[PDB]
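Down below is the structure, laid out as structure tokens.
Protein chains: 2
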Amino acid sequence: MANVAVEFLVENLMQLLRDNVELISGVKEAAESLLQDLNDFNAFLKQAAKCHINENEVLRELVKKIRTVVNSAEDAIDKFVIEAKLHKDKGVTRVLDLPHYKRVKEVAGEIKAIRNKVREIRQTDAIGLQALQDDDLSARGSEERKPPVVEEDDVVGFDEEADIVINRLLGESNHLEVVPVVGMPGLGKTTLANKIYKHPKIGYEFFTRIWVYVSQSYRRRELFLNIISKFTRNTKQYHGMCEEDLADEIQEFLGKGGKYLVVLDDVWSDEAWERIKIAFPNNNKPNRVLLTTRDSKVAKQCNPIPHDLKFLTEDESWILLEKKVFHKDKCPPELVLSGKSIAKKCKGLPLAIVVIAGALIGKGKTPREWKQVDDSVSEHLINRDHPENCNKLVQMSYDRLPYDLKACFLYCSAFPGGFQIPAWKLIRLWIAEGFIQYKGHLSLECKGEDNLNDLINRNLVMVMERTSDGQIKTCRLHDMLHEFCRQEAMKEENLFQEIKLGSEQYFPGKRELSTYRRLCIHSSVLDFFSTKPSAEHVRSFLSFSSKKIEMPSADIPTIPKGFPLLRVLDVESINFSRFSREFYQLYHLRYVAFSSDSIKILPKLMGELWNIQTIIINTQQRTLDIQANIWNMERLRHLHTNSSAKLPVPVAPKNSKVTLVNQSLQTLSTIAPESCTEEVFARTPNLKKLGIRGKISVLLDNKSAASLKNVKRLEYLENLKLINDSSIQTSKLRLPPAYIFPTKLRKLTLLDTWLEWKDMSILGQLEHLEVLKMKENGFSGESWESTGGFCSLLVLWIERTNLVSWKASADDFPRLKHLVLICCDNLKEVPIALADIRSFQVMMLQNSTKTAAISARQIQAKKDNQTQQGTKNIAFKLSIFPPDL
Amino acid sequence: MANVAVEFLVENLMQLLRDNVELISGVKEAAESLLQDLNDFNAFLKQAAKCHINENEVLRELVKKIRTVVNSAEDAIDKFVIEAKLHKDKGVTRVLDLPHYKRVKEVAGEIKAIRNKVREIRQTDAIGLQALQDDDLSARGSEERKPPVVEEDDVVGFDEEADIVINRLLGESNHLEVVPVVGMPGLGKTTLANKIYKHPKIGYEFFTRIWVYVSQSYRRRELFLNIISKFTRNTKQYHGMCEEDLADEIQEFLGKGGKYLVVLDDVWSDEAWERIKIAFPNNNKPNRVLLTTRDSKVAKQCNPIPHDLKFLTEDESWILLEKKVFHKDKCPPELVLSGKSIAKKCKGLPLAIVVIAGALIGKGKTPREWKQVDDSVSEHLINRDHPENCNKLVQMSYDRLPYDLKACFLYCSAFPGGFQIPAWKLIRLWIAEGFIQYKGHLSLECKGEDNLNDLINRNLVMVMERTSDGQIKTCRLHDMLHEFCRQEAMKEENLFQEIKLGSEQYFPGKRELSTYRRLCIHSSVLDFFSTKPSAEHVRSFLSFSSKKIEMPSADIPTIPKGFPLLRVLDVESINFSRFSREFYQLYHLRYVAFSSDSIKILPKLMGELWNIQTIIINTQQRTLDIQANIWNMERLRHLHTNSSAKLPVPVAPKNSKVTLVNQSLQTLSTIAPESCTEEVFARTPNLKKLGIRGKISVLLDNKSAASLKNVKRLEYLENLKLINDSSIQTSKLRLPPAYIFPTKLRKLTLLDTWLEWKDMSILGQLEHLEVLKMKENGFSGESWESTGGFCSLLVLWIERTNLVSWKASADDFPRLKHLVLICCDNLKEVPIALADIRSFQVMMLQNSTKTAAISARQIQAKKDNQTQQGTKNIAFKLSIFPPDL
Ligand SMILES: O=P(O)(O)O[C@H]1[C@@H](OP(=O)(O)O)[C@@H](OP(=O)(O)O)[C@@H](OP(=O)(O)O)[C@@H](OP(=O)(O)O)[C@@H]1OP(=O)(O)O
Ligand SMILES: O=P(O)(O)O[C@H]1[C@H](OP(=O)(O)O)[C@@H](OP(=O)(O)O)[C@H](OP(=O)(O)O)[C@@H](OP(=O)(O)O)[C@H]1OP(=O)(O)O
Ligand SMILES: Nc1ncnc2c1ncn2[C@@H]1O[C@H](COP(=O)(O)OP(=O)(O)O)[C@@H](O)[C@H]1O
Ligand SMILES: Nc1ncnc2c1ncn2[C@@H]1O[C@H](COP(=O)(O)OP(=O)(O)O)[C@@H](O)[C@H]1O
């Protein structure tokens, strides 16, 4: 939508005028003029949006060229800004910088012609404003939306295929067999196969169970490395071994672990199965493979008997729609006939019905909306076999979205097919692109999380992984939605364009690449950069690859010089050895991610990019030294890192009264303990997440820095992590008293502190802490005895400890819901008093002593009797690692 | 040929037995038995080769099974070598090395199994050549092959096509019309183009003329870079800007010098034309493009009138056949009729005439041989349209090559089709690959050049360029010939395999790779190594990519670990930042050629190797410290580079009587001036080609360590090159006395020495000097007065010198043949006395004063008058790069 670009340009111009007067100084009148005209433009596009522009040709004619004239302005202003900052570097103290001030004033001549153009067009727009304001529709207020807790996890009317499949498997002893499943896209082969892979009988039967996704763009060796990973810890060794030997190693590991069930998803080409099957050892055991698909030929080839999936009958259809649109509550009677007619209109496709329930949630729950939706569906599914019917249905759902979500959905279609989207990165990309604008009081990140939850609710985006906290950790887009969104973006809106290279084709020429605004290259990238492209109007550049590619020493300069107007640059999948000066000459850079293996210092010139919001760095060295004045970069909001970062020593200005305290700074992913000082925390009042890697001892000792005591100043801090990199128990470490920590702290992580279990009382004293995660021998001992305090703790996580005896009472953990016990191969039993807590719902116990498993089964039987006893308890689910136990 | 493999194994086994008793100490008995078995079986293989091999299957089966055991013996022997060297590396002083000595005894058991297999072949038949001994064919002696002679520079029957093409240009000025040349394969379009391009009218008609070769796998950017690099000297910019901008610059430069005539060779598809045609924007000038295409559709798309290359007429065909087979001499009357039958059977395809001429010259000059050849040609040229006729003719020609020369002719397809092959690289490769073996007294490289001349004489190898010396410089195979050799090698013999992946195809599995003995890649080797392939039976690797490519630091150790028995490592188009230690266990390496841009030190572990013969490095480091002990490598024949290599100080051991005098060394291209001490020359009695690069004044001055005086000691030196990197003239340099130079010096090159023409007398005194090359103001001054001495000189190269006045008489250069003057914008006139030099053959003049051009025209007129007077003076040739001069 043109509104997005208009708003972003207005905001950036305002920020540049307020903040940096000197750069814009030669053209201030033109800046203010463009500001007024863009405000008026935005109002006009809103008024046009109120109407159905597609209904009138004149309205559609009017919108065109609103966007091009706006685009011409953005270009001229940005070129001017970069030119004048280069002038500042020139340091021409001449009063009249006649040489090359006439170049920045050539850009200003373009600016002036552009201001003249914008003054025009605005006069024509004033014509037809009154006529447009005569008409309006959908005059209503805005309501709230609510978080997407799990709902309808049960699968309507699909027990039949589940039981048939679970029956078929385990037929012939000592045979490696494959179970094909087919059925048109959106039917639910993955959903049913998930229900199988999570049915109790399957987990009872086979010990090893691997979930594997194999699309068309799948890679064989990438898959083998990960499957070997399922068994062992490190794959960096097998980065240097052949696929065949890798196939052999997977075979040995998989054969060792008794039986095995392996799931490969959405296969496309029979040769794909032919190649992948090698790793599986046919060692004369009843091991079952479960592949699903869409094409019939491959299913038939891999086994002469494919099990075809089934459509949902009319009743299943209506019940499913009722569930999705009305969630737990039951439908009010008046809409029943409408909903049943729509369900019948669907023909029993779970995908069409699901998206339609999303559209109904979007419209409302009033009879007029239901009748209109019924009429529209009765029109857009006249055929069955044509997939574009699903596209028409999704378009109908899509039309009702707010334009802000319209931008986010398309931009979520940017990622490659089959790629699992990291939610935090997706939110930060949305922020840096300008799709989320200040409205209200929520922090930008919270608004982004709410937007993602909204998109999940109407069933456009399917969630894949969730956190311990219950939040979302990784999402993606179903194939049909990906195709519809990609076509809509690359064709209509020109949001972005992709450059995947088919056989016997060439990367476009400079004239074509001239008309792009964003690039995505998810295929051979070094090949596009060996050509030395040049497109002055590329603002973003995305490359979400699978492997890590090295960048040749003679090829580093190409990105900075080819695209001198970047804003977003995510090349996390490309490893750099260094950087060139043109890099530090990129002055519009907002988002910047990159990897590296020999980087140790963040050069100081990097602090001259005065618009950076986000920074993400990967480095193999333990210590990363930062020399750029991050206290100078006003708008910095995040600084991620995987090594231990050594922040610079802060100094306030001497001749300037102004103090350097960043109000908008929310993260310091991993800083060294040496910098956990009073001043570092004086400068970050609003900090919400902090991490410290290094030798946690320096913190805990009270000589060098009362560092844990320094932590008291961060009032809003809500997440902390203590990572120790020393591998030597030089002394014993002691946590300070529980009045030093912040009050809202909600999630803590320890790793190799090696603390004594008596200190757990201090943590019990904390009030709001909701998740405790101690990994890799965080607390050392053999005797912990609960002493109360964990009033609100919701998830407990213990991994790689030598604890033996634990003792508690049902009043120690009143709100427990989740309990994680990993790699505790020296614990004996879990206290049974944990079976008394009502909310205790999920437990898991990995690589643990079998006596603990027997006690856990006792606890499960206890809670089963409780729920049987008429209490309104939440259902009980257990998990014990041993297949036998 | 299998005899080649048997002989290679025999020679290596004898070498290993002689040099190191320890390496074969455990299995010396079976090794010697295998050696004698190989000798007798090679006698058997020769006896088989005496009888027809192509026509008999049982005979091939007899000799077959011996090649397999020979390959297996090679594998096991190299395995034992690497294993014994690994034992040495372990440095176990135990009398009984309980770990790994049983593994080596099992490898000895494998060696004994191969010995048993060879003895089993001998048991099946004591010799197996009794039937072969009964029948003998082709008994005759081996006589001389003539030294190469440039001959038949005239083209027969294509002059009328040349006239028609030269009538095409001047068709319509102020326009761009493409000339299409269309013909069947081996027809001679490219010869007609190479003629017309060389026509005096063409050079006079256009000041600028370009020759461009459009292969099937052409890349546009590299072609444009070549066109640009033609005109200018500096290209640091054009490596940085894009191919659209590159074509724009090509337009600019071709328009700077007015009208131009460019040639595109062997256009295959239409897209080639559509994309290359944008680089010739007509500047409303009379511009012509010459396009040779085998296909016709592309020609019609280029221009609705393609120039149709006719077939040779019968008389033209015969004059060709007699010229080729007989060279200057005419056809003897008795062979006239057999020749006429052969030529009339050729159907006019000149390539058939040429290949049959090669077959005749190889066979001999007797009527029975001519009749046999004619009958075969009749038998195999029944049809007309099928190109496979040429494959059949080539097969006839090939069955007659000497088995050594057969192996030589083949494996030339290992170099990708269409690639100019440096002759020196081919010769050194043949030497390293055991292809050329010690037979007689000729030096290995001399025998290699002899073989290459022999092949070229047979007209199976084409020469692209020569030298003022007239020595072959670069050679390439014809398209059809390259295709034939490719199919031959990859199918019937298994000399090498070409891993060229389509879009669908994937790289081979390790299983397929197991049966390969030589690898040739010509597509992405980066991706090939990305799959991390492995192979033990691989001895040769070649990848002639067009560009230079980097090896990611994680991909560096792939080649060693995958290939532990590597001999020929042809990776010169690959870049190496560093080397894994696994490189330094490749005890089977014979040939190492590789690039780099940061390598400053060759590690001492490089010296550990012993089997290498050639070392080749092109680094951009101005210095290259060589810390390997080269003096301990006896078989080092060649250490080629372009850097100012600083050799290690030759130190004799304190407790050894062995003289570290390497009797195999032949060349030290660009050693450091500091490294020219009496010792290093004293270690190399047989040095043949030397050149220095660095601070040469350190060589000249007597106070300085007298390097140039010591250079006398090399009695076998024949090639000397002196190069100065010092751009600063801190003093004037003076040459030593004439006697100090080696007696047998024959070619000299001077760059950046800025000598004083008064010294030219000293160089005159040199008795044997035959090539002189002064460049980069080699001699600094304004007036030259030649004083004689250059009795045996033949060619004179003057480039970028500020000479003003030259005075010479005909008595100074009685035997000289070639004058050339590059960029002498200072030179006034050329001594007209040089016109009296009978031997004077060809003159060239580039970017000189027009006065020199007019005086050169005077000299040309004088020579034309001389020959017009009845003197048997050789034809003279004049050429001026700018015709305006
Ligand atoms: O062995 P050299 O005495 O050093 O001469 C050779 C050779 O010159 P000749 O034709 O006289 O044998 C090549 O031929 P030209 O170029 O001189 O015609 C030349 O090839 P390039 O200049 O193309 O490289 C080559 O150069 P290189 O050392 O790179 O192999 C090098 O002569 P120069 O090095 O002095 O140019
Ligand atoms: O499951 P989560 O709720 O995501 O909690 C953590 C945490 O994530 P958050 O701090 O954002 O909540 C870490 O995030 P990052 O370190 O990447 O910033 C991540 O990595 P760590 O191990 O270093 O804590 C870790 O993932 P994992 O432990 O698997 O590596 C993950 O916990 P999960 O195990 O559930 O992913
Ligand atoms: N039996 C069912 N009941 C309700 N919804 C379903 C059912 N089966 C699939 N779905 C819906 O379909 C989507 C899952 O996609 P799916 O059909 O499994 O992809 P594919 O079948 O193409 O692999 C989800 O939105 C899910 O809610
Ligand atoms: N005299 C000639 N007449 C016709 N074609 C020729 C002649 N000489 C070379 N050719 C062409 O050159 C190619 C092979 O040339 P070749 O026999 O090597 O001679 P040259 O060394 O002069 O090129 C073929 O395409 C052939 O048609």
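Taken in sequence, the protein lines are chains E and F. Take the first sequence: its letter number 394 is residue 394 in the deposited numbering, and every next letter is one higher. Take the second sequence: its letter number 165 is residue 165 in the deposited numbering, and every next letter is one higher. Think of the CB as a built atom: it goes at the ideal place given N, C-alpha and C, for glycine as much as any other residue.
Legend entry - Near ligand 3: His478(E) beta-carbon under 7 angstroms from a heavy atom: yes
Legend entry - Residues sharing a beta bridge with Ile472(E), DSSP: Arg466(E)
Legend entry - Residues within the segment 520-538 of chain F neighbouring chain E, beta-carbon criterion of under 9 angstroms: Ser524, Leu526, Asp527, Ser530, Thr531, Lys532, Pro533 and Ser534
Inset, instruction - Output, in chain order, the set of chain E residues within a Cβ distance shorter than 8 angstroms of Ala139(F). - result: What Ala139(F) touches in chain E: nothing, since even the nearest Cβ is about 51 angstroms away.
Inset, instruction - Return the first residue and the last residue of the beta strand (DSSP E) that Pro286(F) is part of. - result: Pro286 to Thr293
Inset, instruction - Determine the chain E residues that contact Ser503(F) at a beta-carbon separation under 9 angstroms, and present them in chain order. - result: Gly502, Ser503 and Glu504
Legend entry - Residue of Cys791(F), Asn777(F) and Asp752(F) minimising C-alpha distance to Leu763(F): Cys791(F)
Legend entry - Residues that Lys277(F) contacts on chain E, provided the C-beta gap is smaller than 8 angstroms: Result: empty, since nearest Cβ-Cβ is about 14 angstroms, beyond 8 angstroms.
Legend entry - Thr190(F) Cβ short of 7 angstroms to ligand 4 heavy atom set: yes
Inset, instruction - Please confirm if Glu244(F) has its CB atom under 8 angstroms from at least one CB of chain E. - result: yes
Legend entry - CB contact below 8 angstroms: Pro564(F) versus chain E: no
Inset, instruction - Please confirm if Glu74(E) has its CB atom under 8 angstroms from at least one CB of chain F. - result: no
Legend entry - CA-to-CA distance, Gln497(E) to residue 973(E), given in whole angstroms: Outside the displayed span of chain E (1 to 885) sits residue 973(E), for which this structure offers no information.
Inset, instruction - Return the CA-CA distance between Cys823(F) and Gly607(E), expressed in angstroms with no decimal places. - result: 50 angstroms
Inset, instruction - Give the DSSP bridge partners of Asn575(E), in chain order. - result: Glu550(E) and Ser595(E)
Legend entry - Which residues DSSP lists as bridging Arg518(F), in chain order: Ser540(F)
Inset, instruction - Let me know the secondary structure DSSP gives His441(E) once reduced to three states. - result: coil
Inset, instruction - Determine, using beta carbons only, whether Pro402(F) comes closer than 8 angstroms to chain E. - result: no
Inset, instruction - Specify the secondary structure class of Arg209(E) as computed by DSSP and reduced to three states. - result: strand
Inset, instruction - Within the same chain, show all residues whose beta-carbon is closer than 7 angstroms to that of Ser523(E), passing over the 5 residues directly before and after it, in chain order. - result: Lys500 and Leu501
Inset, instruction - Assign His768(F) to one of three DSSP states: helix, strand, or coil. - result: coil
Inset, instruction - Give a yes or no on whether 8 angstroms exceeds the smallest Cβ distance from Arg221(E) to chain F. - result: yes
Inset, instruction - Identify every residue that forms a DSSP beta bridge with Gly694(E). - result: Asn724(E)
Inset, instruction - Report the rounded CA-to-CA distance for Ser468(E) versus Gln133(E), giving the unit in angstroms. - result: 51 angstroms
Inset, instruction - Identify, in the order they occur along the chain, each residue of the same chain with its Cβ nearer than 6 angstroms to the Cβ of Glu678(F), setting aside the five sequence neighbours on each side. - result: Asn710
Legend entry - Any chain E beta carbon closer than 8 angstroms to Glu550(F): yes
Legend entry - Any non-hydrogen atom of ligand 1 closer than 7 angstroms to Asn642(F) Cβ: yes
Inset, instruction - Kindly examine ligand 3 and report whether one of its heavy atoms sits closer than 7 angstroms to the Cβ of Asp266(E). - result: yes
Legend entry - Segment contact, 8 angstroms Cβ cut-off, at least three pairs: the segment 295-303 of chain E with the segment 315-334 of chain E: no
Legend entry - Straight-line gap, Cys676(F) to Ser697(F) (C-alpha atoms, nearest Å): 13 angstroms
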